[PDB]
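Peer 1: This is the structure I want to talk about, given as structure tokens.
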Amino acid sequence: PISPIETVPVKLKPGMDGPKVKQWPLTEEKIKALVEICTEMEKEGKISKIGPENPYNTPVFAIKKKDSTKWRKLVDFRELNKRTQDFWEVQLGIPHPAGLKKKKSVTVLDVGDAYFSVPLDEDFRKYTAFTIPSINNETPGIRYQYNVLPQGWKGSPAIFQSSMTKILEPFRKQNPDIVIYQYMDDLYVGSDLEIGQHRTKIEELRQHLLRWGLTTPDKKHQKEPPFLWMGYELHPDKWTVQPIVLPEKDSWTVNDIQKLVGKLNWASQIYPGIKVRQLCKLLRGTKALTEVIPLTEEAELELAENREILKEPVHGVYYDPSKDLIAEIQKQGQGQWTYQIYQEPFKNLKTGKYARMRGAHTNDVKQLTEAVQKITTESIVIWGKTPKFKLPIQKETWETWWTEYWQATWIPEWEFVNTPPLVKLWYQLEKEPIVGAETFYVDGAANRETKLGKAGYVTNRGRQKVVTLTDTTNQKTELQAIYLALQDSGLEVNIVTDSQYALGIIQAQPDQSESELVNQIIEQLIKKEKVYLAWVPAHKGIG
Amino acid sequence: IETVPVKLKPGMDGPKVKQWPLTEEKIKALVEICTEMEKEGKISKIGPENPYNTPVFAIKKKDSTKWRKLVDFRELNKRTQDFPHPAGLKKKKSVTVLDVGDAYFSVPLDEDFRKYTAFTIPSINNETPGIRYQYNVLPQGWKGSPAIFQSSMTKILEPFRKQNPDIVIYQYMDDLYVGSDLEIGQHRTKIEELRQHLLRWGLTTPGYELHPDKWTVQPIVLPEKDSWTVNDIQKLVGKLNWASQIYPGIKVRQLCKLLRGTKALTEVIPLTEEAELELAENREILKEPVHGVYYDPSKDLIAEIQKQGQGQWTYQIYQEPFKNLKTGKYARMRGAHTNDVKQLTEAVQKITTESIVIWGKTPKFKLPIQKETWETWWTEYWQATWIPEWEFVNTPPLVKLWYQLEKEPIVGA
Ligand SMILES: Cc1c(Sc2ccccc2)n(COCCO)c(=O)[nH]c1=O
């Protein structure tokens with residue numbers, strides 16, 4: 001079958017010329033096959049013999065099929081694909097199940113063979129030149145070239161898509177009640193027409209594609225719902241996740257552990273409970289990927305525990321435009337949040353979780369915001385709209401925070417949902433000095449070269465201290481100064497320092513950071529009921 | 001109509017920007033607008049053979065309850081070949097911006113260059129391939145556009161120009177800035193006349209508009225107390241020390257001397273005669289903008305924005321740090337209380353407008369916001385035909401405190 005559709009103008013990359021790689025020697029058997037098959041598709045008008053005026057060549061190979069014991073063929077278009085121009089996109093982003101609309105009936109058109117139905121740009125055809133050699137280390141060989149889109153050629157997938165787009169354009173217009181999704185060779189058609197009505201339209205569609213040289217199977221064929229589509233299992237009323245199986249064995253290698261943790265980490269999105277904490281530990285100081293690791297009992301319980309969670313098959317539902325989109329978020333710990341987008345309570349569309357890395361200095365509220373944002377984007381791409389949020393935070397808490405944050409931020413229309421643990425500001429620096437409180441004039445310095453320093457303080461109350469520190473840096477020293485100040489201070493403290501970093505703590509006041517020292521300071525800050533941190537010009541007279 | 005051959009800067013290749021996800025609502029609007037434009041022969045559908053792409057989106061201007069298509073030609077423009085600005089409008093009493101964008105749709109664009117104007121309308125949940133279009137006529141927001149329409153524009157304006165030399169007309173892309181010193185009445189009506197003049201030629205050209213000089217770079221004022229506490233002086237000193245970067249004549253030693261000795265922050269300190277002077281002196285230095293700062297045309301303009309909280313925002317337009325050409329304090333627009341993005345975008349626009357009026361150039365923005373946040377909602381409040389360059393930064397606390405001290409009138413108006 002070969003369609004009468006206009007070819008797409010395809011050209012090579014700027015300044016490049018067509019493939020000229022030589023052909024490999026073949027056994028009498030594979031040669032016979034290649035001749036048979038090539039003559040076959042030649043008669044079908046798919047390929048055509050060419051004269052010696054074509055210097056281009058690409059290596060063809062033969063190999064018995066996937067349970068057939070019959071010889072197939074394959075052309076190695078690598079070189080050609082390297083020279084072929086870049087096309088826009090082959091739609092890199094697939095429809096997530098949660099974004100599909102519930103249809104009374106779906107049908108899958110397997111438009112596979114179609115690749116060999118769309119004609120290739122004539123001018124370009126010459127570049128697909130390939131040769132069927134001869135035993136006799138002959139004179140010439142059986143030369144051919146593709147007239148239709150070659151299987152495996154860079155442009156084929158893209159072209160095929162647009163060609164299909166054009167062919168389906170009219171049908172869609174004349175049948176606006178039918179929705180179609182295109183995915184390579186699979187054409188998914190769904191609607192809400194009484195069984196018979198549906199069947200009829202499908203036939204019209206088939207007839208339609210047929211007219212344009214597109215062969216499609218008879219009897220509303222091959223696959224039927226549930227559709228096993230890329231890890232997902234689509235049912236008429238809900239979608240399910242393919243059973244993620246865990247390899248129960250008694251010997252574990254580094255590689256096998258990494259691969260395991262991988263699957264386990266993907267699973268965490270749909271199974272908020274999976275943990276790999278211990279599992280990761282089995283990778284410390286690994287010398288070889290094939291090294292066997294004695295599974296600790298802690299890991300046994302974790303891995304086993306994970307198996308019990310994966311026992312229950314999870315299923316999400318489809319999108320119904322006539323209902324609101326609600327997204328609820330929870331905090332499972334510092335930096336770990338869970339969310340579930342749904343319309344009707346418990347009838348979840350999509351769920352997931354985000355794991356953060358504390359970084360230089362961040363805070364929960366900030367992270368919540370960062371989550372809301374990600375979720376929002378995800379929603380817009382899926383349901384083309386932003387969900388209403390149900391968040392575990394006080395409106396007052398939010399107000400107090402954002403109205404004073406140095407950076408611009410925003411959280412879409414949300415509603416408070418009293419579900420502990422609620423995220424709250426662990427501490428708040430005072431906006432002015434505390435009356436009747438000790439004042440610690442802190443300072444610290446360390447020799448950059450020797451990494452030897454001193455950190456201490458002096459108070460308006462007479463108290464003083466200093467500590468000589470080995471192997472440290474000025475940053476640590478200054479922070480240390482502030483730390484000690486907080487240690488011996490009291491419930492209400494005023495601390496003045498010339499540290500630039502402290503200034504950062506003032507402007508952001510994070511409740512988590514990578515520097516353990518800062519973490520210490522944070523925990524210390526959370527203990528105090530009143531702390532006023534003030535900064536003054538370094539190397540000046542303030543002391 | 002005959003067409004002028006346009007080309008990309010030597011060595012450059014066409015833009016290949018990725019389309020940002022759009023909400024269903026605006027996607028519909030784009031389809032609506034695009035199908036219409038297609039029929040009118042403005043744009044043509046293209047296949048996948050074209051690898052180039054530029055982002056598109058839809059916005060609704062204030063006082064406009066119908067969608068308009070905006071494209072992010074920034075990438076393309078920067079790659080387009082190069083081919084006047086007065087002063088008067090800067091000094092004018094009132095200026096009116098006119099959207100003369102449509103006029104471009106009349107002029108055709110060089111066949112071979114069209115490929116570079118490729119854009120895509122996204123599909124919800126990637127259900128279907130995005131619709132790929134391409135311009136045939138001049139595109140709005142493109143720099144080459146006014147650079148081609150120049151001829152028709154000058155002629156079209158000549159009569160009004162010659163019968164009204166007391167008015168300044170400036171064109172910056174899809175906008176026409178018409179300023180005059182005439183009082184509100186005459187000006188409004190005169191603009192209406194200029195409009196009708198354009199209407200007669202074909203294209204529809206849609207308090208009142210701007211006011212050039214009522215925008216004065218306000219100085220930085222230092223607080224005054226009957227008595228100062230250790231803390232106060234510390235703050236004051238901290239600011240001054242930083243300010244010396246802009247005004248090297250600022251000194252703070254005498255104040256620092258009063259700040260010697262581990263005493264309570266609440267402890268009050270009497271200002272010594274020598275300190276009184278140093279302080280007073282600094283006020284004098286700060287009374288006016290630094291000398292020597294002159295706009296260098298060849299260099300780009302930069303604009304830093306700072307969130308002051310309580311709805312206030314501060315900004316600085318400069319070319320070299322501290323050597324600011326202008327400074328200002330933006331107040332929240334009546335209504336945009338719940339979100340910063342609203343205020344930020346609004347601010348961005350107001351500033352660019354002024355950058356245009358004064359220098360006739362778009363300043364690069366240093367936005368105090370996380371990329372992710374900005375990219376996701378800026379379109380929702382954008383109401384300008386142009387899109388300025390921007391980068392995101394971690395706002396240093398010191399600069400914020402300084403400008404926070406910008407002088408404010410006892411009564412605005
Ligand atoms: C096309 C389509 C599908 S099928 C599908 C296949 C691949 C990607 C997206 C949808 N399904 C799933 O229903 C299956 C059981 O009836 C659906 O619910 N709505 C649709 O419009």
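Every chain in the structure tokens has a letter given in the order shown (A, B, ...), and although residue numbers restart at 1 in each chain, ligands are simply numbered from 1 in the order shown.
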List all protein, DNA and RNA residues that have an atom no more than 9 Å from any atom of ligand 1, counting only C-alpha atoms and all ligand atoms, and report them as a ChimeraX atom specification.
Peer 2: /A:94-97,99-108,178-183,186-191,224-230,233-239,318-319 /B:127
Peer 1: When you look at segment 139-151 of chain B with a cut-off of 6 Å (counting only C-alpha atoms), what residues show up, excluding the ones that are within fewer than 3 positions of it in the same chain? I need them as a ChimeraX atom specification.
Peer 2: /B:73,77,154,173
Peer 1: Could you save the residues just selected, with N, CA, C and O atoms, as a tab-separated table (two decimals), in the first residue's frame?
Peer 2:
```tsv
chain	number	residue	atom	x	y	z
B	73	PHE	N	9.51	37.01	20.54
B	73	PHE	CA	10.51	37.14	19.49
B	73	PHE	C	11.89	37.55	19.98
B	73	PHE	O	12.81	37.69	19.18
B	77	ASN	N	14.83	38.37	17.47
B	77	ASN	CA	15.28	39.76	17.35
B	77	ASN	C	16.78	39.90	17.58
B	77	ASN	O	17.47	40.55	16.79
B	154	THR	N	6.53	57.15	8.33
B	154	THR	CA	6.92	58.56	8.23
B	154	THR	C	5.92	59.35	7.40
B	154	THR	O	5.43	60.40	7.85
B	173	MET	N	8.71	49.94	18.41
B	173	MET	CA	8.04	48.70	18.04
B	173	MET	C	6.54	48.93	17.81
B	173	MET	O	6.15	49.89	17.15
```
Peer 1: Could you name the residues that touch residue 372 of chain B at 10 Å or less, counting only C-alpha atoms, but leaving out those on the same chain fewer than 2 positions away, as number ranges by chain?
Peer 2: A: 370, 373-374, 377; B: 369-370, 374-377
Peer 1: So which residues of segment 235-276 of chain B fall under alpha helix (DSSP H) by DSSP, listed as a list in words?
Peer 2: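 These are the residues in question: residues 235, 236, 237, 238, 239, 240, 241, 242, 243, 253, 254, 255, 256, 257, 258, 273, 274, 275 and 276 of chain B.
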Peer 1: Find the residues near residue 96 of chain B: any atom within 10 Å, counting only C-alpha atoms, skip ones fewer than 5 places away on the same chain, and give them as a ChimeraX atom specification.
Peer 2: /B:169,175-180,187-188,191,208-211
Peer 1: Give me a file of those residues, with C-alpha atoms, as a compact mmCIF listing (two decimals), in the first residue's frame.
Peer 2:
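Ended up saving to selection35.txt:
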```
# COMPACT_ATOMS: atom_id res chain seq x y z
CA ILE B 169 6.03 61.36 18.04
CA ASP B 175 4.01 51.47 20.16
CA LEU B 176 3.75 55.11 19.15
CA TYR B 177 4.64 57.60 21.88
CA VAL B 178 3.02 60.97 21.28
CA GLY B 179 3.84 63.64 23.85
CA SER B 180 2.87 67.31 24.13
CA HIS B 187 -3.74 66.96 24.25
CA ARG B 188 -6.43 64.27 24.60
CA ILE B 191 -4.36 62.48 20.16
CA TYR B 208 -5.06 59.85 30.69
CA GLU B 209 -1.62 58.89 29.54
CA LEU B 210 1.92 59.44 30.88
CA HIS B 211 3.67 62.41 32.48
```
Peer 1: With a distance cut-off of 7 Å and only C-alpha atoms, select the neighbouring residues of segment 350-361 of chain B, excluding the residue or stretch itself and same-chain residues fewer than 3 positions from it, and output the selection as a PyMOL selection string.
Peer 2: chain B and resi 85+89-90+346-347
Peer 1: What's around segment 312-317 of chain A at 7 Å? Count only C-alpha atoms, leave out sequence neighbours fewer than 5 positions away in its own chain, and write the answer as an MDAnalysis selection string.
Peer 2: chainID A and resid 98 237:241 243 347:350
Peer 1: Compile the contact shell of residue 80 of chain A as number ranges by chain: residues with an atom at most 8 Å away, counting only C-alpha atoms, same-chain residues fewer than 5 positions apart removed.
Peer 2: A: 18-19, 58, 127-128, 153
Peer 1: Among the residues of segment 102-263 of chain B, find those DSSP assigns to strand (DSSP E or B) from the backbone and print them as a ChimeraX atom specification.
Peer 2: /B:108,119-121,131-135,137,167-172,175-180,210,220,228-229
Peer 1: Go through B:166, B:284, B:2, B:24 one by one, measure the shortest atom-to-atom distance of each to residue 382 of chain A using only C-alpha atoms, and give the residue with the smallest value.
Peer 2: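 Smallest separation from residue 382 of chain A among the options: B:24.
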Peer 1: Which residue gives the smallest distance to residue 91 of chain A among B:261, B:122, B:289, B:223, with only C-alpha atoms counted?
Peer 2: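 For residue 91 of chain A, the nearest of the candidates is B:122.
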Peer 1: Mind dumping a table of every chain A residue within 8 Å of chain B, with the nearest atom pair and its distance in Å to one decimal, using only C-alpha atoms, sorted by chain and rising number, as CSV?
Peer 2:
```
residue,atom,partner,partner_atom,distance
A:8,CA,B:49,CA,7.1
A:9,CA,B:49,CA,6.9
A:10,CA,B:49,CA,6.7
A:86,CA,B:51,CA,6.2
A:87,CA,B:51,CA,4.8
A:88,CA,B:51,CA,4.0
A:89,CA,B:48,CA,7.3
A:91,CA,B:129,CA,6.7
A:93,CA,B:126,CA,6.2
A:94,CA,B:126,CA,5.9
A:95,CA,B:125,CA,5.0
A:96,CA,B:125,CA,6.7
A:99,CA,B:125,CA,6.1
A:100,CA,B:125,CA,7.9
A:158,CA,B:48,CA,6.6
A:159,CA,B:48,CA,6.8
A:162,CA,B:47,CA,6.7
A:165,CA,B:129,CA,7.7
A:180,CA,B:128,CA,7.8
A:181,CA,B:127,CA,5.5
A:182,CA,B:128,CA,6.5
A:373,CA,B:373,CA,6.8
A:377,CA,B:376,CA,7.2
A:380,CA,B:23,CA,5.8
A:381,CA,B:125,CA,5.8
A:382,CA,B:125,CA,4.4
A:383,CA,B:125,CA,6.6
A:384,CA,B:23,CA,4.4
A:385,CA,B:23,CA,5.4
A:403,CA,B:309,CA,5.7
A:404,CA,B:309,CA,5.7
A:405,CA,B:309,CA,7.5
A:406,CA,B:307,CA,6.0
A:407,CA,B:368,CA,5.3
A:408,CA,B:369,CA,5.0
A:409,CA,B:340,CA,6.0
A:410,CA,B:339,CA,5.5
A:411,CA,B:339,CA,7.8
A:433,CA,B:265,CA,6.4
A:434,CA,B:266,CA,7.9
A:435,CA,B:266,CA,6.7
A:438,CA,B:264,CA,7.5
A:439,CA,B:264,CA,5.9
A:441,CA,B:262,CA,6.7
A:458,CA,B:262,CA,7.2
A:459,CA,B:262,CA,6.3
A:460,CA,B:263,CA,4.9
A:494,CA,B:265,CA,7.9
A:503,CA,B:397,CA,7.4
A:504,CA,B:397,CA,7.6
A:507,CA,B:397,CA,6.6
A:535,CA,B:238,CA,7.8
A:536,CA,B:238,CA,5.6
A:537,CA,B:238,CA,5.6
A:540,CA,B:256,CA,7.0
A:541,CA,B:256,CA,5.2
A:542,CA,B:260,CA,5.2
A:543,CA,B:261,CA,5.5
```
Peer 1: Atom CA of residue 67 of chain B to atom CA of residue 34 of chain B: how many Å, to one decimal?
Peer 2: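 Computed distance, atom CA of residue 67 of chain B to atom CA of residue 34 of chain B, equals 11.8 Å.
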Peer 1: Which residue, B:75, B:101, B:91, B:116, has the smallest gap to residue 6 of chain B when you use only C-alpha atoms?
Peer 2: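 Looking only at the distances to residue 6 of chain B, the closest residue turns out to be B:116.
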Peer 1: Could you please determine the separation between atom CA of residue 339 of chain A and atom CA of residue 375 of chain A in Å, to one decimal place?
Peer 2: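 Spanning atom CA of residue 339 of chain A to atom CA of residue 375 of chain A is a straight-line distance of 8.3 Å.
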Peer 1: Record the distance separating atom CA of residue 225 of chain B and atom CA of residue 287 of chain B, expressed in Å with one decimal.
Peer 2: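 Distance between the two atoms: 18.8 Å.
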